[PDB]
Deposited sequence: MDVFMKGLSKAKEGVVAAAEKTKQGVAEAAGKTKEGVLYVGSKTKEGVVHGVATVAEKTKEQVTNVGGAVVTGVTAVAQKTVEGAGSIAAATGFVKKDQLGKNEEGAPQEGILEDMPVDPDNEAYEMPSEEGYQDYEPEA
């Protein structure tokens, strides 16, 4: 899990939205009559109505991530 980013050196934009009665769910764990319920999150959960990402990483970016589940 190695993430390397390097950068070496020597206009009109628009996002529009008009939403009425919007119900948004991201990561959902709905259950009834269990004994175990595990929600392990190690990435990136981006929820919303206007989830907008613009002009990200203009230079060098490294988003190294890891997760695990061990049960014995």
Note to self, deposited ranges with zero CA coordinates are 1-14, 25-35, 98-140
